[PDB]
Amino acid sequence: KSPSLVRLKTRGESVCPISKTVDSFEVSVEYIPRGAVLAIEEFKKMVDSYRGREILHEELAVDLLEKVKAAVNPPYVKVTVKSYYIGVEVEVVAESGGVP
Amino acid sequence: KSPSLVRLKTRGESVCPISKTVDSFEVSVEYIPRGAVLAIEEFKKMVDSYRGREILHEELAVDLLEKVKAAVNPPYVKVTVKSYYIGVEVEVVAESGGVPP
Amino acid sequence: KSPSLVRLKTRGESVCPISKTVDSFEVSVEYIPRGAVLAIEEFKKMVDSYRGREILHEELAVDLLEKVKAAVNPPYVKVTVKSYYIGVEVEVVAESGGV
Amino acid sequence: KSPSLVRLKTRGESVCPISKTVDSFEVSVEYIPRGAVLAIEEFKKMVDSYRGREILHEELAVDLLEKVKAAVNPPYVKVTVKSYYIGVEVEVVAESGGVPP
Amino acid sequence: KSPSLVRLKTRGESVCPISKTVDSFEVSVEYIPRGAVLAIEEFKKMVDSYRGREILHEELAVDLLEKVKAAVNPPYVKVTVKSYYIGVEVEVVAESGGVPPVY
Amino acid sequence: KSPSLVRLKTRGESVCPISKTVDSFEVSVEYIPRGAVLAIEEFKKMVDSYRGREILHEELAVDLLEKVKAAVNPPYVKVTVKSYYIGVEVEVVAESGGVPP
Amino acid sequence: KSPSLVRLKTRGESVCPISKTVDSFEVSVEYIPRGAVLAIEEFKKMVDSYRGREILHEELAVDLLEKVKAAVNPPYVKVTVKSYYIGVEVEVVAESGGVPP
Amino acid sequence: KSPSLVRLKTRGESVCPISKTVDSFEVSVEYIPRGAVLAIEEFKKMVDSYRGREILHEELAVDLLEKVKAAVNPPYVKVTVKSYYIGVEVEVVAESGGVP
Amino acid sequence: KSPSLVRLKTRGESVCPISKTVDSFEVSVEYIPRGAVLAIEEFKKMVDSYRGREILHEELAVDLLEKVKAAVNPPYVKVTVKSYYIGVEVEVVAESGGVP
Amino acid sequence: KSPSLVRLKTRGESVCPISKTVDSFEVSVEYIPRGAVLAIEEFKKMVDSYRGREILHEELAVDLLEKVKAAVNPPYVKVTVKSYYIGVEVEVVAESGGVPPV
């Protein structure tokens, strides 16, 4: 019997395409396992893969959502990325398997 | 796929019509993207547009809502304006489209 | 175009009808405007009208909801009064409708 | 007219039947009045009645629920007792009814 | 007549199989009694049983669920194990049953 | 025997002399008693005395300090008025000393 | 040897001599042991002695300081009582001996 | 008889001279009035003067301290600027006068 | 060079001699190293040594102070035990090498 | 004129030489400038330098102190490293200099 839910939360970094400087973030994933739990090692790998990558955080959220789906194919996955830029607090959510 | 939700939060200022003096506020916008995400620089410009402008926090929330719809036309947007006035904590909310939670 | 929801929160005072002592509270009002937003100055007046009034907080929440309904007639109001009495934290909520 | 909802929260104590030792707790009650508001005085008596009584918090919660139901017969009541024992944070909830019946 | 819901929360530890080091956790259990309440003392022994045991937290949450179901056969139980590994905050949940819909 | 220190904190209001609107504040008072503790009722009256009065919070802090001194003559008093004006958090402190036994 | 410092904190109640109603408080005790530590049971008895007693919190703080001094004679003790009365937060401090640096 | 200490806190903005992008900050000032209390309007104008100015936050703090000294000459002033850049929380303090 | 200061904090438990029951606590140690830094594993072992031991939290603090002194001999050590007992929050401090 | 004090705080990571596993940390540096301010970009690279490095957090604090002193020789520096390991909250402080007393 697998867990019914896993939540993962960690910090990461990427390169902001506009400024071209390092943009730190906090990322959260929540998923319902379907016969496979994502190794913590592998998740960190996915998050650290964005270091030095020019990518906007909106596309980071969706990209990581796609990675988790390709790795363990859960019926429900939510990814939230939180960061700060030019005095604004920003959160972007990507979600697959929620309401239609 | 687009993100399913974006939340933005920042501080701004306007001129209060009743007191005739500068009033601080905190503003949050939550929206369901459809196509492009609102650039943060653009959001900051919208909020900054109210500096020096005499406008009630009720009307500012509604105005900002219409500015976000004009720019990125999301199916759902909610704007919340929080401020402190004469010892009263005030939140004003302006919302267009269907409930997300 | 009215906003779709307003939240107001502030401190006030009443008089405890048993001891005749000042009884401090925090009050939160939440309403859906229908074409009229209650002016903050008017809200403060309503809350301040309870100074010197002997009234239990259970009745004040109901009384205040009535003042708001009569002033701006919203379709949904909720009034929450919080206070602390004989070592009990009390919240009293008075409503009218869904959300 | 009655309030639509009341919440009450206070501290109390009982005696742990294992060690015969004082067993402090926090208790919260929420209920929907139906024609009758429980006096705060009377709630505090109900809570203080457990002082020096040997009773498990699992039983106290249910006992207090019954007491509130007997005093004001609300359509909904929920009693929560929170305490600390052998390094374990415990909450016991006892709940009755709902809206509608 | 028993409670409607009990929530228990405490700290524990196991041994991480990959690094052979102590893997500290917080565990939360919530359940609906059906004519048996889980004694707190029995709960704390279940949780302490993992001290020195090599077991992934994903397995631990499920194992502890199975322990609680076996002790009191409740119609609903949820176990949540929170730990911190390689800079990642982890929460693993195991569930069984629930309240059928308040019709 | 009297306490070594008392701290009091409450909310009040005054009138901003420029705008003539309500200027809400939080006020904290610390004092070392000299044989005599200020009644709370009397402190509340002092604070409530600024209601409707046009005065700057600078001045208020000092005025209240003087009222406390005139009433129970402590060898040490400190008054702190905190308010929020044109998006600036402001704290004004006034303090006064003397000799003990 | 003894500890260098103990701090204790708990809630109590007394009866307000003006309103005659139960008057809740928080009390902290800090002291430097000299050869003996106050048993927690003993402390809780002291704090519970005020239940049902008409006493001002300012008098209570000093009274509890004396009880502590009588029980275990520490070279430094400080007692702080915090309560809420007519919209004012009150802290009363009673202190005895040379103060920590 | 005037105040023994004033504490002011607010938000502002400057322009980062490397990135040329908006560099948002919180500023705290405390000072001992001697004679003169700084008008809040006037303090606010000091802080707002940095908006659209290319100035590093270490310079700004010092610049603002001199402004408060030039306006009201207190025997003690302390200015703290807090900001966030590339994932680092930064506080710059510029302090003058005071007995020990 | 050694660090100038170390703080450790963790949870543990003992057995209350009054009630006979397990008594949980939080413990903090602060020391100035002189040569030796206490291995965290070793600290954990000292705090875990109190499990199933009948001891008052007052004595516990002093006992752990003497263990740390015995292990790494710092010129300054402070131990603080915090617990909750019969509705009373309790903090006990033991200190070695401050002003006497 | 230089600032009187600068505080920097960020998150980093290293590898525990005992367990061989990544440990996350928060690090704060506080210093008094003497006519050189450490550019932020430089501080960030000092902290990033520990990623994958097998080093005890005790040694990290002292090693980072020494990097700040070498780079800008301030008359006071304090480095604090905070982390969590086997259920223990740890803070290591490395400190050099100060304000010379009157």
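Residue numbering in chain C adheres to Swiss-Prot, whereby the residues present occupy positions 6-104 in order.
Recorded method for this deposit: X-ray crystallography, 1.9 Å.
Even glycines carry a Cβ here, placed using N, Cα and C.
Within its own chain, C:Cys21 (active site, thioimide intermediate) has C:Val27, C:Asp28, C:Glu59 as residues 6 or more apart in sequence whose C-beta sits under 8 angstroms from its own. The feature active site, thioimide intermediate is assigned by Swiss-Prot to C:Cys21.
According to Swiss-Prot, the feature active site, proton donor/acceptor maps to C:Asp28. Under the DSSP three-state reduction, C:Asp28 (active site, proton donor/acceptor) is assigned to strand.
Annotation comment: Swiss-Prot describes C:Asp28, C:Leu43, C:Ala44, C:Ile45, C:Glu46, C:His62, C:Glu63 as substrate binding site. In the structure as shown, the Cβ atom of C:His62 (substrate binding site) sits within 10 Å of 23 other Cβ atoms. In three-state terms derived from DSSP, C:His62 (substrate binding site) belongs to a helical segment.
A count of other CB atoms within 10 A of each Cβ picks out C:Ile45 as the most crowded of the binding-site residues C:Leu43, C:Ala44, C:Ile45.
With a 10 A radius on its CB, C:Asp28 (active site, proton donor/acceptor) counts 25 other CB atoms from all the protein chains. The subset of recorded positions C:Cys21, C:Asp28, C:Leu43, C:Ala44, C:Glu46 lying near chain D, with Cβ atoms under 8 Å apart, is empty.
With C:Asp28, C:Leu43, C:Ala44, C:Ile45, C:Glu46, C:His62, C:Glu63 listed as the residues that bind substrate, the site has a largest C-alpha separation of 25 Å. For C:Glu63 (substrate binding site), the same-chain residues lying six or more positions away in sequence with a CB closer than 8 A to its CB are C:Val97.
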